[PDB]
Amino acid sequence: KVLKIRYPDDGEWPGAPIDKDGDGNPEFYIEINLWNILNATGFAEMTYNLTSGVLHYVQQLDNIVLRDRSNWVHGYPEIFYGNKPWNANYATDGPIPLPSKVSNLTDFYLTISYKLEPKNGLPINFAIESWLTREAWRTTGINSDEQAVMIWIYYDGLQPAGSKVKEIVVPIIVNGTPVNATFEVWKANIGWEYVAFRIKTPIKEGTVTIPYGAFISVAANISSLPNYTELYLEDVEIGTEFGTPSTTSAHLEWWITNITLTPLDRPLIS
């Protein structure tokens, strides 16, 4: 009834599928994904109770030495739907057919119920990420003519890569109440084009619904990439980037109780 992955016990890259019906197609995939940590004392453990429906992440790391301080953050412990293009992990048992070309996808709501508890002022975000790639099923990384989209619905102590472009309004739902929220739009080129949407009013816990097309439409419209609508939206990743090159201790706990993607009857790009 309980799935657990644990760093460092399970190796430097713990991860596992969530496959509640045991049919060989995961509904989601979890990774501890401490992708910029070279060494640390302590541990990180992610547990999914299949029976109670709670994803619970506990991290207690110290003596942290990074792989490349120029990458700034330490990692991105996460859960995702679709094909994560950095590795051979995937989860495609869901209602939105990912990967799909941006031009063929419908819009969808993404609803997440969560609670974040960074300890001692640890810089963090709670960020939704998609990667947009030239091939349908990428498993070997990301090229300079491709895109990362991030949507930060919480942050503390981190700013997105690159420079600020503009602010936009996106209608979202927070704790059951519709609200117009403001997002700063940031753009960088860090080996690929990077577009981040940073909410101006961070939400540290609750149930949040966002319309995914509001973000991908603006990411398409400010992009410098050619033939944007031919890219494939590979996945939707949910997790917390954390840390800075000055951070040597990172204690963090969070919980996610629901992730739902709800298809809409309108195109993803408007």
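Throughout, we count residues from 1 along the sequence that is shown.
Do the CA atoms of 98-106 or those of 83-91 have the higher mean B-factor in the entry? So the stretch with the higher mean C-alpha B-factor is 98-106.
Comparing 74-82 with 184-192, which stretch shows the greater average C-alpha B-factor in the deposited entry? Looking at the recorded C-alpha B-factors, 184-192 comes out higher on average.
Quick one: which of 36, 209, 223, 240 has the biggest Cα B-factor according to the entry? The C-alpha B-factor peaks, among 36, 209, 223, 240, at 223.
Looking at the entry's B-factor column for C-alpha atoms only, identify whether residue 148 ranks in the lowest, middle or highest third of its chain. For residue 148, the deposited C-alpha B-factor lands in the lowest third.
Report the third (lowest, middle or highest) to which the CA temperature factor of residue 122 belongs, ranking only the modelled residues of the same chain. Within its chain, residue 122 is a highest-third residue by C-alpha B-factor, going by the deposited values.
Within this chain, which third does the Cα B-factor at residue 46 fall in: lowest, middle or highest? Residue 46: CA B-factor falls in the middle third of its chain.
Residue 173 - Cα temperature factor, lowest/middle/highest third of chain: Bottom third by C-alpha B-factor.
According to the PDB entry, is the CA B factor of residue 129 in the bottom, middle or top third of its chain, that is, lowest, middle or highest? Answer is lowest: the recorded C-alpha B-factor places it there.
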